[PDB]
């Protein structure tokens, strides 16, 4: 671990609870481990030297800073303060700082000991007795963006019930917090606490929101301190015995952390052809993913991994299916225990028969689960969402854990859950019943009235009229006399696709649409019709875009392929043959229906009023341009060799996808292309890797290696010490997105192992 110092800049001295960057994400990168609910930063100068500033608290679903300096050590001799020089750095699994002075030296090492407690070793070297002083102060200011205050609002003024208080204890001190149910900002139980326990007797003076503690030592000695963020009264009670254990045998906990991390690196850094710089990227990915891992909390009874511990809306233990599949696929190779847990977390809330909220969605996996359940399920959580799910690469992910562990009991455990999810797609996301799914949405309070009528708002100029009923919707779409049409259910469908702004789903701005029509196209070519899915008895099951997506179909091909393998592993030959048959049928549909012989590429197809003579639901939507979904059949292995050869030529074309940073979310030729548009131009690491793997699968590994090299040389900040983000401008390589982004980290790790090299 010592070979990788400061892979990510973890220094910082927060002055606001919400010390955000331009996109509302915490602008510092705290160290979290063991799935804990609090993190720490490194001192950035004389003002924070002696402690690890920026205590970051994960308040159920958000990350909020508690203080800048807190338990910062200063040393005194003969009544005079010792003058230290600072050296601070992070390593995978720990924060370290060394203070050097003539007669006194201090070496502090901070590692995590339990899912709720971090351990600080303060090794003091001194030839004479000394007086120690620790100080701390809770933050007062509420919000800032890029170092500048957004307002003069204070934490206490904004949250009168927070009522933070510092109290002395028999072996340290604790901060207590009142109950705050700020749905989108701060969530506490009224029983949460931040505790500080120490190995020596200390003298504490509390002055409101600041404190000063003193202690006298006789000479060189090593003290131990535990820091714990406990979210409930039960957690507080349970942790006490652990804290006692930690202080009694601190060496065991330091060693356990050290060995655990040596193992992550040993198991994960498996590419001997990688350069030191490329290996460092892999380590950054490992640090990022492990930092985003959260232990069980609230409604989530399993360890999980979120998109970003520092993200505005991705913190706490908020978990999404899409992210989980890629996260677990990567983590299977270095932290398999958590990879498995993350998958379990998502499936733990899979809809069961007789569900109290949506019995018509058996097998469904929620878009978002978190500490707090939605009001529909008895909680007060505002994030918990069941309006949609995400593209399914669940089987792919489960199989990867097996590839590494060869644990058949893991397959036995997950198989029935994967089958239930697989079956749900076919019942609730197959409007025309041809076995090829569509992205869509569920029946929900945000999508329809009490009686089941689909809600929608028509916008024209400054007029906004809300209506309901599929019939009325049909009439409105026909006339097309509106500037825009907002359908909550269709918005949810865009979320279900994983690319809510992609051109293929009808997203194009006025400027682009005008040019399109000016070139001979019709604005109606961009209208994606919507439909409801009802059972044979008339029961509303959900909704579907009247369009079948080629990536969706390819993921379904993958699902069947892996389910067939699992069935074989479990000794279920007949089920294996069925899935093998389902896979073949999907491959044939993908190749016959979604491949356009003329443009030599794959596209989505509309579910037209009547199917084509060949049985296809509709023709490929070539007019909306080419996108990454085009190589989904290659990545998933549904493509024929000839069609793959054709797609690869387009991918390598500099006028299409072979840009400064290759394989973006829309070809340069796409009418809705935008170099800065998230899903209509920007390059995402997952789609990029899918592309290279698809290329490799059909015999083009040499070309994939070339594109990977281009990516390594052009993707901005790759070899720097900044946090991992979400995407890149394809022309400039400039980064955008939330810092410490999990799925980017996951695919960067995959790239390191599969395509990066000297």
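Positions refer to the first chain, counted from 1.
Looking at 173 to 181 and 611 to 619 together, the entry lists the larger mean B-factor for 611 to 619, computed on C-alpha atoms. For the pair 279 to 287 and 495 to 503, the mean Cα B-factor is higher in 495 to 503. When the Cα B-factors of 548, 376, 400, 341 are read from the PDB record, 376 comes out highest. As recorded in the PDB entry, 541 shows the highest C-alpha B-factor of the residues 186, 155, 667, 541. Per the PDB record, residue ranking by Cα B-factor puts residue 44 in the highest third of the chain. When all modelled residues of the chain are sorted by CA temperature factor, residue 428 is found within the middle third. In this PDB entry, residue 516 carries a Cα temperature factor that places it within the highest third of its chain's modelled residues. Among the modelled residues of the chain, residue 703 sits in the highest third by CA temperature factor in this PDB entry. Per-chain ranking of the deposited C-alpha B factor places residue 710 in the middle third.
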